[PDB]
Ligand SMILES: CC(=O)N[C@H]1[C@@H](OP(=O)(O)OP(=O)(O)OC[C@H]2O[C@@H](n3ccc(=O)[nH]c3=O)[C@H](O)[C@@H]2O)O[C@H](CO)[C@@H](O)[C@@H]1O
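Below you will find one chain, with nothing else, as structure tokens; this is the form solved without the ligand, and questions on how it binds or moves follow later.
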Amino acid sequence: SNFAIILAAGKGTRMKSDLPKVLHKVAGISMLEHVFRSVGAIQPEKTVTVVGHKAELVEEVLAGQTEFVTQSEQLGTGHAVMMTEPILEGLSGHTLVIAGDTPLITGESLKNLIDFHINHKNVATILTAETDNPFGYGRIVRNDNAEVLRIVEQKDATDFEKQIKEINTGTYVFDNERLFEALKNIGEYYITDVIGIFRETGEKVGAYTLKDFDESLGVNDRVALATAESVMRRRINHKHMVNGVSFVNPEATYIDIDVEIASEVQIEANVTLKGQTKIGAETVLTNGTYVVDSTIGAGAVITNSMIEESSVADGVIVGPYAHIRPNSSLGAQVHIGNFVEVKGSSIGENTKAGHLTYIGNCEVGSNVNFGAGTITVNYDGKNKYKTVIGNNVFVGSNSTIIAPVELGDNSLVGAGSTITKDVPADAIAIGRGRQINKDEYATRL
């Protein structure tokens, strides 16, 4: 039986933020979420998460996927662990104590932490790591037989102890029953003082050493937040590359934790993919493309464009400098060119809009052609209207389509026309001015 307690009560003053430290994001989700995900690797029978500062905000994040307990005042990690008492004391198993500000720790590492605690029948196993610059961290003191004696911080550290490279990551696995009993024995309570109690009784204490020290990073400020962003960024992009995705520069490409990318997808440097984004097979993404919560089919080419909460079928060609705003759909083989904005509209297959065009709140059929400079109007300073555009409609360049209006199938709008009324199918609509040339007049200008 395995149990788990997630520490997430500290405020994080070095962050210079009012947001709970653990809620700061890394590659899409909060640090707390990354921690919770690694936890499930040991399939915890019960999971308790200690909260404190702005408990409301935090509870919204992991609501329903773990139990909670509130900590009034910051009375240390010991008091924090004591809040888990009403729910855990009286259960046989291994209770892992992990902080929520260590996003890089992986599930496999926690499995390894649990397997070690069992294999060595320890009463308390400490996840440690080695570094050639141990300044600040508590050091793991052992003996000639490699047995873990005690953790000593830089307040009780003698010169001989000040050289120990093996440090404490602040992540442990304790024997449930013994843990809460030893907490009653111990100006703040430290979870580390629990090891002192076990020592007096000569109870078995071990230490699992993390292979990658950097995986133990504890985020206390934004400098470390960026480092977490760095490790996580590399991790994610590595996986994608193994999955058959080419990266011009995986070190400078920004893909969120939950983004899905098919094989053969080619991604240039400086591409941003955020939220619930999916990329179909063979799709090409160029430098500057920014996608938020969108689905992109296969064989599509997104050249330096921004796509938010929209769907993009296969064969779609977009950009450069195009903007696909929320609630839009681009049918197969649709072409959206430079300086074109599509907002809250559905675009049928093969429709072309290659230049300086605004399509807002429109239902557009297939094989439609938007001439450069076409503007659709839906707002009047109060109300929002809709326009229906049929299949095979040719919309003249520099035209203005004023909603509500419907352009029937195979309709044609003359260039420079201002359309206020419906255009029946197969009809042509013109509404501009006639050209008048005046000789020798450009001489007076």
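Each form is matched to the other, and the largest set of C-alpha atoms that superpose within 1.5 Å is called the rigid core. Note that residue numbering follows the sequence shown and begins at 1.
Here the subject shifts to the form solved in complex with the ligand, a form of this protein not shown in this document.
By the criterion of a heavy atom within 4.5 Å, residue 102 is counted among the residues contacting the ligand in the entry with it bound. Contact annotation for residue 311: none of its heavy atoms lies within 4.5 Å of the ligand in the entry with it bound.
Residue contact check for residue 281: none of its heavy atoms lie within 4.5 Å of the ligand in the entry with it bound. Under a 4.5 angstroms non-hydrogen atom cutoff, the ligand in the entry with it bound lacks residue 346 among its neighbouring residues. Comparing 227-235, 311-319, 92-100, 329-337 against the ligand in the entry with it bound, the single stretch with non-hydrogen atoms within 4.5 angstroms of it is 92-100.
Although the ligand is omitted here, in the entry with it bound none of 2, 107 and 174 has a heavy atom within 4.5 Å of it. Comment: the ligand is not present in this chain, but in the entry with it bound one of 198, 137, 208, 180 has a heavy atom within 4.5 Å of it, namely 137. With the partner omitted from this view, the residue of 74, 276, 133, 246 that lies near the ligand in the entry with it bound is 74 [heavy atom within 4.5 Å]. Within 4.5 angstroms of the ligand in the entry with it bound, the stretch 183-199 places a non-hydrogen atom from each of 190, 191, 192, taken in sequence order. The one residue among 138, 319, 280, 365 whose Cα position changes by 2 Å or more between the shown form and the other one, with the core held fixed by superposition, is 138. Superposition on the rigid core between the shown form and the other one places the CA atom of residue 293 less than 2 Å from its counterpart. Once both forms are fitted on their rigid core, the CA atom of residue 120 lies less than 2 Å apart between the shown form and the other one. A movement of the C-alpha atom of residue 235 falling short of 2 angstroms is seen between the shown form and the other one when the two forms are aligned on their rigid core.
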